[PDB]
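Student: What follows is a single structure, and I will ask about it in a moment.
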Amino acid sequence: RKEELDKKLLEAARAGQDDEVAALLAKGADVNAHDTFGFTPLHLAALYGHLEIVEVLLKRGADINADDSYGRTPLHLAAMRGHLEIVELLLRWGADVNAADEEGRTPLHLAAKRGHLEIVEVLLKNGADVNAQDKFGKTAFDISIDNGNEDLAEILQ
Amino acid sequence: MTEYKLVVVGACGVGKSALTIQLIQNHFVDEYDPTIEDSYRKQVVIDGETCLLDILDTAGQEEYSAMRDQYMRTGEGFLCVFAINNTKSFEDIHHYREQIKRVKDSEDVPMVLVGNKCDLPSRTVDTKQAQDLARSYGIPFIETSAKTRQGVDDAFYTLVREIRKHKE
Ligand SMILES: *CCC(=O)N1CCN(c2nc(=O)n(-c3c(C)ccnc3C(C)C)c3nc(-c4c(O)cccc4F)c(F)cc23)[C@@H](C)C1
Ligand SMILES: Nc1nc2c(ncn2[C@@H]2O[C@H](COP(=O)(O)OP(=O)(O)O)[C@@H](O)[C@H]2O)c(=O)[nH]1
Ligand SMILES: [Mg+2]
């Protein structure tokens, strides 16, 4: 029952059915439920670009700082997917800007590696450590140099 | 340390994410997000030497992705993973191989054929056909099973050794 309801909530968040998400939340589902890897409904809602589902989960009490088995918070997924509205909403709710995953990758590092300039500048505006170092000794500037993107290097400087 | 820029390519549901997670965290994920594409860094010991593996789990169906194509061009080895219980994936392995050949624009590209889901007893792709395809392509074939974590390390080490042989 509880597991099935949580799985239905996760599937509704992944698919992008706001009505189904609202109905499942009204039916007793858990906003902090995690799947096998650890993706909470907020993780999937941020990953798949459903701003309304993200807002509903945040209002209902979703753990915004929760992380999956690899330490990736929903901010990490929203940054790696290049969702400007989602990252702005997550930062507006006090998400851990300098959060670290199992490799110690700041969401700034993920946004730089993917190639999302707007996400990078938005994260920097809200206090993102440019000098942040992962577990392998690579910063955002190093990632920009490796990618060779001149615009990313200009923004990071 | 040597940073090997590995890539893992294949069809949907073949187990690329499962293999990568088994290598990185040594635990199998029964269900994983179909469209998660991220790079995992691992410190391994091969032939007594410490090496760094930077493995990309290509799982995005988008036609254009600057990070993905840059990683593919800069990649040094490719794991072509297919499910033995899925003939369609085995057929699409050739399409992935020719796509990688066109992108890299190189005749000799380090590739390793991987047959995932070896634990399942309803095998659909015969081992003989896969071995014949591998020997025709001149690349090793390794059978892996992410659920039991058998052959994953062997497949990754074979890819690394093939990369080293191509470099030398
Ligand atoms: C179920 C989700 C999943 O596992 N996926 C794996 C990645 N993927 C995928 N899809 C896809 O259509 N192509 C592709 C491209 C980008 C261009 C032309 N043809 C194809 C298909 C018909 C093979 C993917 N291409 C690559 C890839 C290309 O194309 C060239 C060089 C190196 C490559 F890796 C790829 F890695 C994944 C592709 C879908 C099925 C989602
Ligand atoms: N029994 C078994 N199942 C597997 C194995 N590898 C992957 N799977 C299953 O394949 C399903 C989809 O794999 P997925 O993680 O999506 O691979 P991907 O599509 O390449 O990212 C998962 O639910 C796994 O249970 C394996 O080695 N053995
Ligand atoms: Mg995947």
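In the structure tokens, the first chain shown is A, the next is B, and so on; residue numbers restart at 1 for each chain, and ligands run from 1 in the order shown.
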Within 7 Å of region 101-115 of chain B, counting only C-alpha atoms, which residues qualify if same-chain residues fewer than 2 places away don't, as a PyMOL selection string?
Tutor: chain B and resi 73+76-84+97-99+117-118+134+139-144+159+162-163
Student: Selection from above, C-alpha atoms, as a CSV table (one decimal), in the first residue's frame, can you write it?
Tutor:
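Final file, again.csv:
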```csv
chain,number,residue,atom,x,y,z
B,73,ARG,CA,34.9,13.0,-30.0
B,76,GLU,CA,39.1,7.0,-26.2
B,77,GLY,CA,37.0,3.8,-25.9
B,78,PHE,CA,33.5,2.6,-26.3
B,79,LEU,CA,31.5,-0.1,-24.6
B,80,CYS,CA,28.8,-1.3,-27.1
B,81,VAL,CA,26.3,-2.8,-24.6
B,82,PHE,CA,23.4,-4.9,-25.8
B,83,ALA,CA,20.9,-7.2,-24.1
B,84,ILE,CA,21.3,-10.9,-25.2
B,97,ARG,CA,29.2,1.3,-34.4
B,98,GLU,CA,28.8,3.1,-37.7
B,99,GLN,CA,27.7,6.3,-36.0
B,117,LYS,CA,21.8,-9.7,-18.7
B,118,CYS,CA,23.8,-12.9,-18.8
B,134,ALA,CA,33.1,-9.3,-32.8
B,139,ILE,CA,37.2,-6.3,-31.3
B,140,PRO,CA,36.8,-8.4,-28.1
B,141,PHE,CA,33.4,-9.7,-26.9
B,142,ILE,CA,32.7,-10.0,-23.2
B,143,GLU,CA,29.5,-11.3,-21.5
B,144,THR,CA,28.5,-9.3,-18.4
B,159,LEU,CA,38.3,-1.9,-22.9
B,162,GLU,CA,42.4,-2.2,-26.0
B,163,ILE,CA,42.8,1.5,-25.5
```
Student: For residue 109 (chain A), please output as a count of residues only all residues within 8 Å (counting only C-alpha atoms; exclusion window: fewer than 5 positions along the same chain).
Tutor: 3
Student: Check every residue of chain B for an atom within 10 Å of chain A, counting only C-alpha atoms, and provide those that qualify as a ChimeraX atom specification.
Tutor: /B:21,24-25,28-33,35-43,52,65-68,70-71,74
Student: Residues within 7 Å of ligand 1, counting only C-alpha atoms and all ligand atoms: report them as a list in words.
Tutor: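 Answer in the requested format: residues 9, 10, 11, 12, 13, 34, 35, 58, 59, 60, 61, 62, 63, 64, 72, 95, 96, 99, 100 and 103 of chain B.
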Student: With N, CA and C atoms kept, could you save the residues just selected as a tab-separated table (two decimals), in the first residue's frame?
Tutor:
```tsv
chain	number	residue	atom	x	y	z
B	9	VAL	N	27.76	3.04	-24.85
B	9	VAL	CA	26.67	3.29	-25.79
B	9	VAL	C	25.90	2.00	-26.01
B	10	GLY	N	24.62	2.15	-26.33
B	10	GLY	CA	23.78	0.99	-26.56
B	10	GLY	C	22.33	1.41	-26.73
B	11	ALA	N	21.46	0.42	-26.84
B	11	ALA	CA	20.04	0.66	-26.99
B	11	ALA	C	19.39	0.89	-25.63
B	12	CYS	N	18.08	1.11	-25.64
B	12	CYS	CA	17.34	1.36	-24.41
B	12	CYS	C	17.15	0.08	-23.61
B	13	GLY	N	17.38	0.17	-22.31
B	13	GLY	CA	17.14	-0.94	-21.41
B	13	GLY	C	18.18	-2.04	-21.45
B	34	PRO	N	15.51	6.15	-17.18
B	34	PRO	CA	15.95	5.90	-18.57
B	34	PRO	C	16.80	7.01	-19.16
B	35	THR	N	16.58	8.27	-18.77
B	35	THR	CA	17.18	9.42	-19.43
B	35	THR	C	18.12	10.18	-18.50
B	58	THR	N	25.78	7.31	-21.88
B	58	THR	CA	24.94	7.99	-22.86
B	58	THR	C	23.52	7.45	-22.79
B	59	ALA	N	22.58	8.28	-22.32
B	59	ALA	CA	21.19	7.87	-22.21
B	59	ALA	C	20.22	8.95	-22.67
B	60	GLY	N	20.69	9.93	-23.45
B	60	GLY	CA	19.84	10.99	-23.95
B	60	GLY	C	19.50	10.78	-25.41
B	61	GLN	N	18.20	10.81	-25.70
B	61	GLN	CA	17.71	10.62	-27.06
B	61	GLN	C	17.69	11.90	-27.87
B	62	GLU	N	18.09	13.03	-27.28
B	62	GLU	CA	18.09	14.29	-28.01
B	62	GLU	C	19.08	14.25	-29.17
B	63	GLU	N	18.68	14.82	-30.30
B	63	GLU	CA	19.53	14.80	-31.49
B	63	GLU	C	20.79	15.64	-31.28
B	64	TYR	N	20.66	16.80	-30.65
B	64	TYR	CA	21.77	17.72	-30.45
B	64	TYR	C	22.09	17.83	-28.97
B	72	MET	N	32.03	12.40	-26.95
B	72	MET	CA	32.19	11.31	-27.90
B	72	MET	C	33.44	11.50	-28.75
B	95	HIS	N	24.44	-0.12	-36.02
B	95	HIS	CA	24.15	1.29	-36.25
B	95	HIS	C	24.96	2.18	-35.31
B	96	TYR	N	25.05	1.79	-34.04
B	96	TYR	CA	25.87	2.55	-33.10
B	96	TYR	C	27.34	2.53	-33.51
B	99	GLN	N	27.77	4.88	-36.46
B	99	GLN	CA	27.66	6.26	-35.99
B	99	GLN	C	28.95	6.71	-35.31
B	100	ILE	N	29.50	5.86	-34.44
B	100	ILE	CA	30.74	6.19	-33.76
B	100	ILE	C	31.89	6.30	-34.76
B	103	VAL	N	31.51	9.66	-36.51
B	103	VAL	CA	31.81	10.79	-35.63
B	103	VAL	C	33.31	10.90	-35.38
```
Student: What gap, in Å, lies between CA of residue 23 (chain A) and CA of residue 9 (chain A)?
Tutor: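 Computed distance, CA of residue 23 (chain A) to CA of residue 9 (chain A), equals 9.1 Å.
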Student: Could you pull out the helix (DSSP H, G or I) residues of chain B, going by DSSP on the backbone, and write them as JSON, numbers by chain?
Tutor: {"B": [16, 17, 18, 19, 20, 21, 22, 23, 24, 25, 66, 67, 68, 69, 70, 71, 72, 73, 74, 87, 88, 89, 90, 91, 92, 93, 94, 95, 96, 97, 98, 99, 100, 101, 102, 103, 104, 127, 128, 129, 130, 131, 132, 133, 134, 135, 136, 137, 152, 153, 154, 155, 156, 157, 158, 159, 160, 161, 162, 163, 164, 165, 166, 167]}
Student: Within 9 Å of residue 119 (chain B), counting only C-alpha atoms, which residues show up once you throw out same-chain ones fewer than 4 positions away? Write them as number ranges by chain, please.
Tutor: B: 144-148
Student: Can you write just those residues out, C-alpha atoms, as a PDB file, in the first residue's frame?
Tutor:
```pdb
ATOM      1  CA  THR B 144      28.463  -9.338 -18.425  1.00  0.00           C
ATOM      2  CA  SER B 145      25.593  -9.514 -15.940  1.00  0.00           C
ATOM      3  CA  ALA B 146      24.975  -6.394 -13.857  1.00  0.00           C
ATOM      4  CA  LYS B 147      22.597  -8.222 -11.499  1.00  0.00           C
ATOM      5  CA  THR B 148      25.340 -10.649 -10.416  1.00  0.00           C
TER       6      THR B 148
END
```
Student: Fewer than 4 positions away in the same chain doesn't count, so skip those; otherwise give me all residues within 10 Å of residue 71 (chain A), counting only C-alpha atoms, as a list in words.
Tutor: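 Once the adjacent positions are removed, what remains is residues 38, 65, 66, 67, 76, 99, 100, 101, 102, 103, 104 and 105 of chain A.
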Student: Have a look at CA of residue 48 (chain B) and CA of residue 6 (chain B) and let me know their distance in Å, one decimal.
Tutor: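 CA of residue 6 (chain B) lies at a distance of 19.7 Å from CA of residue 48 (chain B).
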Student: Please provide as a PyMOL selection string all residues within 9 Å of residue 95 (chain A), with the sequence filter that same-chain residues fewer than 2 positions apart are discarded (counting only C-alpha atoms).
Tutor: chain A and resi 64-65+73-75+90-93+97-99
Student: Please determine, counting only C-alpha atoms and all ligand atoms, which residue among B:44, B:4, B:75, B:116 has the shortest atom-to-atom distance to ligand 2.
Tutor: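 That would be B:116, the residue with the smallest distance to ligand 2.
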